[PDB]
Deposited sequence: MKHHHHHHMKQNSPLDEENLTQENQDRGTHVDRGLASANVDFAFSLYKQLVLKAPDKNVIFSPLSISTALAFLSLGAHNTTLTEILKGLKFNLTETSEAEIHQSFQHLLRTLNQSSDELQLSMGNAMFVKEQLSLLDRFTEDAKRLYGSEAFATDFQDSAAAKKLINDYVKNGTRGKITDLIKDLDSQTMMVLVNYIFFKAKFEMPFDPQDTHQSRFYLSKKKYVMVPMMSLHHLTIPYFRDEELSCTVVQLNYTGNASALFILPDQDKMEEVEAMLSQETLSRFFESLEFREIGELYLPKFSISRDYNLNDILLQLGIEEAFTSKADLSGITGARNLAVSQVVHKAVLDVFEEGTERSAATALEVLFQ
């Protein structure tokens, strides 16, 4: 539905601003879909206030889209994120790693596989280093070596870990020539600057829009997913971030017209970030899942599970031939 769109953008931009608030000058890279898919996957086993808090935390309105329509949209979306072309490599997976003896409801394992593509891996969490290596290899495999060490510390009393990964590699329509990549200034601010390899192309026709109102330019440099590059004027990053919303995102899309660009300069670079999202998810109202009042009895048939830690890691590579994105989310669950 259209109400799914309103939820997805609100959740993505809400999370983004919360990530920024923790360290307002640091690089940010993350996958909103990865995080919300792991939580939606968890909500398959939630009930009562634990369930409603999760789905509301994801910005869904339950009166507007039912729980079954949310899971349906995730299912449909996951199937589109496994594709291969000469121009695209997409992959996305879900998995649950479970204490070998822990009994799971048939409905939960069936739903998890049908809707989220998730198998169940018997794992010995008491052998903590081996369990960690098992999960980290699954993510490393899924993201083709790009996300390593997603899980650094794992409680040895862990009952299960729900994992999502996503991998996105895309060639530029018009690649940059590496002969035209040269060290150039990058201005952290008006008076702080470093030298970075700066790629360049001449005479590009690409979707373009100058927004003199918000003091920014947006362009598109590339399937069925758009990639927007939003370039605020100097000292206008904060102003631009202040206006991020569904509304202005839609306005950006409705205003992009093809246009010939004399020169385009874009840095060649790699950034990565990892986060613990407990604080942010509690701040978003997902709170009962973390306490002894958690109700995950849709997983096991008892209220014997609560979330302990949610971690997220993402990596972004920009180079002459295209871009590479990957991310993963792990939801760690303890006994109660």
Practice problem: Enumerate the deposited-sequence segments absent from the coordinates, judged by C-alpha atoms, in order of position. | Solution: 1-31, 254-255
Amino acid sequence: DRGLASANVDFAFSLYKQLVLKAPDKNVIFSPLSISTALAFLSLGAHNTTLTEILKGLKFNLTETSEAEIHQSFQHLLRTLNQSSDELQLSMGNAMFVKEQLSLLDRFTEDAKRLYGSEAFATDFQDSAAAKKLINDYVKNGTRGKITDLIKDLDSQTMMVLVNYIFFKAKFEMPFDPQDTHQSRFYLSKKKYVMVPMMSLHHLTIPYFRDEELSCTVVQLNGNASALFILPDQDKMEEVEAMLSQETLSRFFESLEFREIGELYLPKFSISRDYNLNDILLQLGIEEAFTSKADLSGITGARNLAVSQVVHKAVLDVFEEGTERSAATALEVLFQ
From here on, numbers count along this sequence of modelled residues.
Exercise. Mind pulling up the entry and telling me whether 291-299 or 56-64 has the higher mean Cα temperature factor?
Key: 56-64
Quiz item: On average, are the C-alpha B-factors higher in 33-41 or in 66-74?
Solution: 66-74
Quiz item: Taking the values straight from the PDB record, which of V196, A112, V219, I147 has the highest C-alpha temperature factor?
Solution: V219
Practice problem: Go through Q183, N94, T143, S85 one by one and give the residue whose Cα B-factor in the PDB entry is largest. | Solution: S85
Quiz item: When the modelled residues of the chain are sorted by Cα temperature factor, does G262 land in the lowest, middle or highest third?
Solution: highest
Quiz item: Can you tell me which third, lowest, middle or highest, the CA B-factor of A5 falls into for its chain?
Solution: highest
Quiz item: Is the Cα B-factor recorded for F172 in the lowest, middle or highest third of its chain?
Solution: highest
Practice problem: Using the B-factors in the PDB entry, rank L105's C-alpha atom against the chain and give the third, lowest, middle or highest. | Solution: middle
Quiz item: Split the chain's modelled residues into thirds by Cα B-factor; is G117 in the lowest, middle or highest one?
Solution: lowest
